[PDB]
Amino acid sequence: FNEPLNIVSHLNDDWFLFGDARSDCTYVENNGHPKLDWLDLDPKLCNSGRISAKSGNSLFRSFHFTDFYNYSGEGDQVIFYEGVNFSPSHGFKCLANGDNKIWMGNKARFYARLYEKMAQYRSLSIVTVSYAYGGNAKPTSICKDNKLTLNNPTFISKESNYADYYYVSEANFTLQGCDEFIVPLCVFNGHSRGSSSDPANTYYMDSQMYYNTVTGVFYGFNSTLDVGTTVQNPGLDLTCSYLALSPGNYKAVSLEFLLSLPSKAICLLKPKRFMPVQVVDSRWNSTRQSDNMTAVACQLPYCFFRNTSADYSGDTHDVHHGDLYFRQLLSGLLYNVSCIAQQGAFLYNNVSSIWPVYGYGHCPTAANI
């Protein structure tokens, strides 16, 4: 009786879901399809006002790229069902001979930071970050391919006066309006190249740091790796950490190569008593390649991970939208549960055959009477 249910749910109405197409009710189609057939989310929750979802997007995608959706929401119990819209299938690399594994590493670190903070905070949004630059050089879109263009962090071009990339550059940026900010601190870890016409011997070792003008704290990344830009020596891409920062006046200091600074930040507002987030596995139909980065990111004590036991098998829309088991997994949002724990959600508050671990809410005992 009252076994842990493999669902995502809520203790009350104070909940919010962040998602993608599988939770996006505003999507339109002109065909002989059943109404809202792309959804894993139940159609009854479309008018709930507790969902931030966009077809073809994710939190990581909007945080880093020009394909931007203004994800925003507030809730005590935060649920995530997105992440698939930046996967190994997309195969993004900043450079022709880059590395997707680095970008999966970035995905894991971003979500880890986001999940941990959203266990301490009610509100999430994405705000624009402006910068003051004393030079004449303007932003350069270095990290991109033919599908995606990265715009966070922003990269500042070399000044016209400098012949090489052995220069020191800096810029100021203010973080205002939020209790905490998640910003990317990134670096090209390896041998970077200036212009395609430079000799084969001259390479640059990227260095970047962020500096708090008030507290004097600085966090930085120096280049250490051997990987590069050529076919003979490949691997160089953009490794990012995701820092939780207080509001204040910050300085971005680059000691070598391009100056990089945040253009976007995850705005964290309204602190709450510790309440772990719920994360639903976000993967393709196994014809496309997925990753378990969100699972790597989803750890105790800040996060509970939920997954089905089957391949993702779309019903009528396509192979990637409308899975029966994920529909049932998400169906838990239609009602309140008494206890949300590691194993799953316990519907009732009194007794169970299973002892709840890391339980939140009004949790049942597994004792006799």
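Heads up: residue numbers just count along the shown sequence, starting at 1.
Once the C-alpha B-factors are averaged per stretch, 111-119 and 259-267 rank with 259-267 first. 158-166 and 295-303 differ in mean CA B-factor, and the higher of the two is recorded for 158-166. Listed residues 84, 240, 124, 142 were ranked by CA B-factor as deposited; 142 comes out on top. Note on 274, 181, 173, 103: the highest value goes to 173, judged by CA B factor as recorded. In this PDB entry, residue 326 carries a Cα temperature factor that places it within the lowest third of its chain's modelled residues. In the deposited entry, the Cα temperature factor of residue 43 places it in the middle third of its chain's modelled residues. Split the chain's modelled residues into thirds by C-alpha temperature factor. Residue 68 is in the middle one. In this PDB entry, the Cα temperature factor of residue 137 sits in the top third of its chain's modelled residues, the highest group. In the deposited entry, the Cα temperature factor of residue 60 places it in the lowest third of its chain's modelled residues.
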